[PDB]
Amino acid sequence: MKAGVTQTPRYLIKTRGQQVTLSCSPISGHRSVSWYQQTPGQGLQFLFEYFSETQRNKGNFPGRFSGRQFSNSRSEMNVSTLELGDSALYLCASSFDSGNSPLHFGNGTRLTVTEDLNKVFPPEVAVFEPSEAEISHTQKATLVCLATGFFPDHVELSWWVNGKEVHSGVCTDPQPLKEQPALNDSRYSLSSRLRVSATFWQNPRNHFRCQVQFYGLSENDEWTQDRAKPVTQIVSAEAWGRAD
């Protein structure tokens, strides 16, 4: 299995005025590398495209957004003097030739710019065991996982049954809800369901885990609040089946 477009880092939290440098490696054989900013309000917007170490095309961003490409076709972009509205998914695309060949995108760098790192919180995670009425009426059993109170929205939720990742019987909300819809710094909540047969739930040897990866502060970020520093971490909750 060949590598697709790769981007590093995956997630960043910065305060206003700071700077970031992002990297992208194209698919092997692709020489055109393009950067785009995706925001809720403006959608995808073109930054610039590089080929053979030189910028070939550019969008309409101000000069604090910059880029470069190395001889192996890897590209970096940099943003200086960061502001809240620079929060975005920074997407890289590679192509053999952007004029006549498809764009292949990476999965982006998610950047959140905040006023203050004391706005950052990890999720609390809980599993809720199935209703006995559901079990008797349907012979199925739905577990719910809630990930709540987090900021920013830098989470990945997954389910694991006896140590193996499951997708069958799962549905996770496509986006989180703001707990305080009116506020720019609102914390978020996310729900997911895992449904199994009643027979499978009734076996006490079956182990269920809801895993939430949260991408938070760096070891180099200062922290002087009483609460635990909200570093990158996994927060999990679990249940076992039960006969009765």
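We number the residues from 1 along the sequence you see.
For the pair 145-153 and 98-106, the record assigns the higher mean C-alpha temperature factor to 98-106. The stretch with the higher mean CA B factor, choosing between 16-24 and 226-234, is 226-234.
Of the candidates 34, 69, 180, 189, the one whose C-alpha carries the top B factor in the deposited record is 180. Sort the modelled residues of the chain by CA B factor and residue 64 lands in the middle third. When the CA B factors of the chain's modelled residues are split into thirds, the value for residue 125 lands in the lowest one. Among the modelled residues of its chain, residue 206 has a C-alpha B-factor that falls in the middle third according to the deposited record.
In the deposited entry, the Cα temperature factor of residue 118 places it in the highest third of its chain's modelled residues. In the PDB entry, residue 194 places in the lowest third of its chain by CA B-factor.
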